[PDB]
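So the structure is just underneath, and the comments pick up after that.
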Amino acid sequence: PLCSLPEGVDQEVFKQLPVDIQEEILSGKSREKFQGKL
Amino acid sequence: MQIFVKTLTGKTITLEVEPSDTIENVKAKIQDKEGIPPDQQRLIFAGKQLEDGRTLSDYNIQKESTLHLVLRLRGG
């Protein structure tokens, strides 16, 4: 489920990361670098 | 050996580490590179996340290893 990705997100890096990280970013959590777009 | 850390934003970061060093050393480097603390800094190798209580060689971290930096749970 890569329909909702963060800003400046890298598809290659996303599909390359494990399901654990793919679910962490999809949940909309763990955002320190930039501010979420709610 | 130098390793490349590609963040979720496709940001590659070259770090000079060794197969004998510990993950803690690799993470520290990224800090002086991007500026992310060990609380929000996460590593990804072999399809799994690494820990600070282990050695690079433990995860089979070879030269020019393609590491992936991920943001950990943060307050905001």
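Every residue gets a Cβ built from N, Cα and C, even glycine.
Helix first, then strand, then coil: DSSP counts for the domain 'Ubiquitin-like 1' (B:1-76) stand at 15 helix, 25 strand, 36 coil. Swiss-Prot lists B:1-76 with the feature domain 'Ubiquitin-like 1', giving sequence analysis as the kind of evidence.
All chains included, 19 other C-beta atoms sit within 10 angstroms of the C-beta of B:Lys6 (ubiquitin cross-link). Feature annotation from Swiss-Prot assigns ubiquitin cross-link to B:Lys6 (among others).
Residues annotated as ubiquitin cross-link in Swiss-Prot, with experimental evidence given as evidence: B:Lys11 (among others).
Residues annotated as ubiquitin cross-link in Swiss-Prot: B:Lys27 (among others).
In the shown protein chains, 17 other C-beta atoms lie within 10 A of the C-beta of B:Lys29 (ubiquitin cross-link). According to Swiss-Prot, the ubiquitin cross-link annotation covers B:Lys29 (among others), on the basis of experimental evidence.
The annotation ubiquitin cross-link is assigned in Swiss-Prot to B:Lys33 (among others). When Cβ atoms from all protein chains are considered, those within 10 Å of B:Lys33 (ubiquitin cross-link) total 14, not counting its own.
The ubiquitin cross-link feature in Swiss-Prot is assigned to B:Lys48 (among others); the stated evidence is experimental evidence.
Cβ-based neighbour count (10 Å, all protein chains) for B:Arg54 (site 'Interacts with activating enzyme') stands at 13. Taken from Swiss-Prot, the feature site 'Interacts with activating enzyme' applies to B:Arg54 (among others).
Sequence-distant contacts of B:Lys63 (ubiquitin cross-link), defined by Cβ-Cβ distance under 8 angstroms and a gap of at least six in the same chain, are B:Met1, B:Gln2, B:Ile3. According to Swiss-Prot, the ubiquitin cross-link annotation covers B:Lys63 (among others), on the basis of experimental evidence.
Annotation for B:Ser65 (phosphoserine): spatial neighbours B:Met1, B:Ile3, B:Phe4, B:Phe45, criterion Cβ-Cβ under 8 Å with sequence separation of six or more. The phosphoserine annotation in Swiss-Prot covers B:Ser65, and the record cites experimental evidence as its basis.
Summarising the annotation, Swiss-Prot assigns (Microbial infection) ADP-ribosylthreonine to B:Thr66. Under 8 Å, Cβ to Cβ, and six or more positions away along its own chain, B:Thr66 ((Microbial infection) ADP-ribosylthreonine) finds B:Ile3, B:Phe4, B:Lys6.
Annotation source Swiss-Prot lists site 'Essential for function' at B:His68. Cβ-based neighbour count (10 Å, all protein chains) for B:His68 (site 'Essential for function') stands at 22.
Here the Cβ of B:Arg72 (site 'Interacts with activating enzyme') has 16 other Cβ atoms within 10 Å, regardless of which shown protein chain they belong to. According to Swiss-Prot, the feature site 'Interacts with activating enzyme' maps to B:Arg72 (among others).
Per Swiss-Prot, ADP-ribosylglycine is recorded for B:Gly76. All protein chains considered, the CB of B:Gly76 (ADP-ribosylglycine) has 6 other CB atoms within 10 Å.
Cα separation, B:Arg54 (site 'Interacts with activating enzyme') to B:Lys27 (ubiquitin cross-link), rounded: 12 Å. In sequence order, the recorded positions from B:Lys6, B:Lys27, B:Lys29, B:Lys33, B:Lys63, B:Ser65 that place a Cβ under 8 angstroms from a chain A Cβ are B:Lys6.
With a 10 A radius on its CB, B:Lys27 (ubiquitin cross-link) counts 20 other CB atoms from all the protein chains.
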